[PDB]
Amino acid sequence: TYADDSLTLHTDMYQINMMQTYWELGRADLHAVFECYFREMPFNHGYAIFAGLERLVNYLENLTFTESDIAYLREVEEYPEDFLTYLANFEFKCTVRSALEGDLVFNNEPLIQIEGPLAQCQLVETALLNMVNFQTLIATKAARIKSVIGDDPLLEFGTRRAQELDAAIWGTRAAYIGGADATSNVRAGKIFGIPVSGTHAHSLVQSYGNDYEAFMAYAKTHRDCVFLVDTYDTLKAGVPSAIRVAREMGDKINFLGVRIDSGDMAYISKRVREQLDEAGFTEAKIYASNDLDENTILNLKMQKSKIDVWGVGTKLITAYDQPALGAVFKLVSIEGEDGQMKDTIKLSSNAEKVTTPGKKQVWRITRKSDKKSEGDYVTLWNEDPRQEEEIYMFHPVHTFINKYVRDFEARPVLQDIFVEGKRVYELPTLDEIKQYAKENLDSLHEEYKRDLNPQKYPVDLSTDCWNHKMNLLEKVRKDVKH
């Protein structure tokens, strides 16, 4: 009762009830456009890193209602056989346009756009949000942390702290995309090809009862040695014992260094560095793992801590300070009775809290001469900035802040992934995604990617797109006048 063989019902019940309402009344194949976007920059970071495309692609390619799916809906929920045969025959026939994994993405712009039969668009929203919200959030958190670390290793060590198992594997993949250098999760190494990393735990040390014997046991059985030194006493017990083992084993091991999981690291690591150096191990590194995030790491570095490798657990994999992105999936255009597409709106008070209507594209604008970031320019589908000598970029709320831009490149961010349910996009390798992310981040102007108080990245609606929104808003507010 019943077999977990399918993600097709990983959705909100109200989607199936709406699909029924559409289908019974002959409106399931009305033409719709839906868009996915978030409203606020996560962590107030200067940029976000998109993740979730490979996950979504696999989901959409397997989007059929299984025998057990239908049996549940028939036997428990008592849907009629007519509707059920519609669901049995269902195959995905929407166009999907998306940012690619590793793209920089920002608030108030479409990141994924689904276009096709209303009922099919409706089915996919919940699962897409579930996967994209989380994966983008962790990729951005890892970028945030990696930015503060610099070139030194960031190791994603948070599986034990993650919000169930998918979170651990797909989160760690997203972390690698966003800036982690390795994972602890062996299975994520297996299935994604992420480099895998480890040291040892206190349990090894306690199994012997002293540091020397445990470090020796590890040295006898492994080439690459990082010794965890704080089981009993970092300075008096662990570090001297690590040094003793390193001396006795010589070049038969790599003494990569020592891990410290406790204490005030801004004092502890400084004295440990001295101990290693005075013993002649001036290349042995100090690995830290306790309570790390972009804030404590930045402080530790600025205090002149001597830490070379950062194993980050809880705060990265759960995005602990803001554990949800707040992406939403909204209907922006729908086929009217006359067969023509109509811009659709929901009212709020804050006219910026209102979803911008219309089928849109996002154009990343840069200065041709030196590739300077000029911001994103969000158009209706019928505008192509590439054919315009000059564009008018204004802030959508603060419209008195504005510039005419000439001599620019405009790159369309939403790419075809499926056309009418047919995949036209070849999935990159994970390393290619990570390289793509690095290059995109490297190209972003320093002001938008700096760690402290980044400049706000413009996301501007075209004159036409903005006028369409405000005219529709005006029209509905006046319709609600009576």
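Numbering starts at 1 and follows the sequence shown.
Set 377-385 against 172-180 and average the Cα temperature factors; 377-385 ends up higher. On average the C-alpha atoms of 401-409 have higher B-factors than those of the other stretch, with 159-167 and 401-409 being the two compared. Which of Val105, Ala351, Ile194, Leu331 has the largest Cα B-factor in the deposited entry comes down to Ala351.
You'll see in the entry that, of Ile145, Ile345, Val186, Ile317, the Cα B factor peaks at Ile345. Ranked by C-alpha B-factor against the other modelled residues of its chain, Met393 falls in the middle third. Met341 sits in the highest third of its chain by CA B factor, as recorded in the PDB entry.
Ranked by Cα temperature factor within the chain, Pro454 sits in the middle third according to the deposited record. Compared with the other modelled residues of the chain, the Cα B-factor recorded for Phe418 ranks in the middle third.
Per the PDB record, residue ranking by Cα B-factor puts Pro110 in the lowest third of the chain.
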